[PDB]
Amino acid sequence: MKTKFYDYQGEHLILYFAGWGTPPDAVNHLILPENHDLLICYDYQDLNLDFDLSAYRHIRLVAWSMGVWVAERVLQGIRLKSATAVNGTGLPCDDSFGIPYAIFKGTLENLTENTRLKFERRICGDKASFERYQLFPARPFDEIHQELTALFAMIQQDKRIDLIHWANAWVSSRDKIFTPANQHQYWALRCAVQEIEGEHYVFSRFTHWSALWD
């Protein structure tokens, strides 16, 4: 996969796993706590993370949407100080715990540049939110089509759960991708759930990374 590394010479690391096809800049505005680096992970063509995690003390994981399922694969076995899910579950292609199968299939089979914009509208909910989101650099279409293809295959092949331990999960009240009912159903007995009013993209309600985990 791809990475963007922000080097603050920190002893600790923030690991952020993006949603499918989403711009890394979606979290650009978030302020880091002192003594922390940030590594943005995205473009899940594969599950390979070419980054040395070995020298860091604490690692704070934040994962959005399909990034949750991915993070469970990539960080299985790695000691994390905390792991935070944001609008995503361990079962991302699931009628009851994630995105329903027919929707996952239909999104991929009908993906064009036009329908990509339609999906982003649903990520954002309202027009105002959508128009602000469109100020972010758009990743190339061929890249995100290849990414959804690999994700849909791997998720179908690999239905394991609880590969890492989650400390908390944020659930948006009006999430149209991972519905709140499906999120609550997955996280209820796993971790602490913070309910927030908003949509699938909810990082415009945050100014500081640390507010996501504390």
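Residue numbers here begin at 1 and follow the sequence given.
- For the pair 72-80 and 116-124, the record assigns the higher mean C-alpha temperature factor to 72-80.
- For the pair 55-63 and 149-157, the mean B factor over Cα atoms is greater in 55-63.
- For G10, the recorded CA temperature factor ranks within the highest third of the chain's modelled residues.
- For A181, the recorded CA B-factor ranks within the highest third of the chain. Only modelled residues enter the ranking.
- For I103, the recorded CA B-factor ranks within the highest third of the chain. Only modelled residues enter the ranking.
- In this PDB entry, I196 carries a Cα temperature factor that places it within the middle third of its chain's modelled residues.
- In the PDB entry, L47 places in the highest third of its chain by CA B-factor.
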